[PDB]
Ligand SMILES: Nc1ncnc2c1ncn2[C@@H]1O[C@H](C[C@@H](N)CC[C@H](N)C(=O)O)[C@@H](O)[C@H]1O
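Single chain ahead, written as structure tokens, the form solved without this ligand.
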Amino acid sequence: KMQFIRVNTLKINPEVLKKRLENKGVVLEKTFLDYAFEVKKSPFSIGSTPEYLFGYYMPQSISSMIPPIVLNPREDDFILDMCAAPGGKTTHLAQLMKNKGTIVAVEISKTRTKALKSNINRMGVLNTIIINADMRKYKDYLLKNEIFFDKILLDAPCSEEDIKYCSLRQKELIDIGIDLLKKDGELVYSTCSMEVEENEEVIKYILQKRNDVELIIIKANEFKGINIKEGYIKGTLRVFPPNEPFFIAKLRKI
């Protein structure tokens, strides 16, 4: 697997971090993002450095950096990250928002909520409210209190079944997501799963189910150097090896 790091601009400039790691023997190659680098060689585990401890970067695939960029949160947005642990994307969203606005990050597992909180704290993220809850229940609390979102990320991982619910209930959850959006709001659905009922079929499900949602065409053009192209629904994207497999789609409530 190719190793990449996302430099945390909430805390450090990318070129400054790059040099600091190069001085320790790490070899870093540019990517399409001025704040992400491909780790070509490193004399030590990338997650064992004081720089990682200090929250100067997040080790994660470059494919996993795409959903937050596609969602493209505004600094003043109110955002929901439905299946947030471990928090790589949650913290990326906070960086894009320059720590302004609010991200509500939900995680059903008490154990994974600890990892999520650890990353948020390590990365210096201040705008995120961590909720340890099941979205199928918490959505009733949001709805009854009229708490709607400007944008929502439903990035699905790839009882025990409740713990893994976001890898199984993507159709149910994307529908909950549209219920939680303000009119004109946007939701990005992403997942590293390539299962047949977990990529395009989730999108076909929701477009057929609801008359208040439409697809937003995502273009592959800006993602230079990534092996990415369209899914079998125009406007959706799939990433292929050598990058981490990933599916990404974007919807708007109308």
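The first residue of the shown sequence is 1; numbering continues from there. Whichever C-alpha set is largest while still superposing within 1.5 Å between the two forms counts as the rigid core.
Another form, the form solved in complex with this ligand, is not on view; read the next lines as being about it.
Asks: Check the shown form for clashes with this ligand: superpose the C-alphas around the site so the partner sits as in the deposited bound form, and report blocked if 3 or more ligand atoms are within 2.4 Å of backbone or C-beta atoms, open if none are.
Replies: Answer blocked: 3 or more ligand atoms come within 2.4 Å of backbone or C-beta.
Asks: Hey, in the deposited bound form, does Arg136 get a heavy atom within 4.5 angstroms of this ligand?
Replies: Result yes; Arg136 sits at the interface with this ligand in the deposited bound form.
Asks: Should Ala84 be counted as a contact of this ligand in the deposited bound form, where contact means heavy atoms within 4.5 Å?
Replies: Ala84: contacts this ligand in the deposited bound form.
Asks: Is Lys151 close enough to touch this ligand in the deposited bound form, meaning at least one heavy atom pair within 4.5 Å?
Replies: It does not: once this ligand is placed as it appears in the deposited bound form, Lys151 has no heavy atom within 4.5 Å of it.
Asks: Taking 4.5 angstroms as the cut-off for heavy atoms, does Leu173 touch this ligand in the deposited bound form?
Replies: Because a heavy atom of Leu173 falls inside 4.5 Å of this ligand in the deposited bound form, the answer is yes.
Asks: Exactly one residue in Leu180, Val125, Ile130, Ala156 has a non-hydrogen atom within 4.5 Å of this ligand in the deposited bound form; which is it?
Replies: Result of the distance check: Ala156.
Asks: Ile120, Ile108, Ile103, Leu71: which sits within 4.5 Å of this ligand in the deposited bound form by any heavy atom?
Replies: After the contact test, the surviving option is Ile108.
Asks: Name the stretch: of 95-103, 139-147, 165-173, 180-188, exactly one has residues whose heavy atoms fall within 4.5 Å of this ligand in the deposited bound form.
Replies: That would be 165-173.
Asks: Taking the rigid core as reference, which of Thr102, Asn132, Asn119, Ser167 is displaced at the C-alpha by at least 2 Å between this form and the one not shown?
Replies: Single hit from the list, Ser167.
Asks: Quick check on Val196: with the core superposed, does its CA move 2 angstroms or more between this form and the one not shown?
Replies: Indeed, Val196 is displaced by 2 Å or more.
Asks: Relative to what is shown, are the Cα atoms of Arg238 and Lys164 closer or farther apart in the deposited bound form, where the gap shifts by 3 Å or more?
Replies: Compared with the form shown here, the C-alpha atoms of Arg238 and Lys164 sit closer together in the deposited bound form, by 3 Å or more.
Asks: Knowing the shift is 3 Å or more, I'd like to know if the C-alpha atoms of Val196 and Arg238 are closer or farther apart in the deposited bound form than in the shown chain.
Replies: Distance between the C-alphas of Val196 and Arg238: shorter in the deposited bound form, by 3 Å or more.
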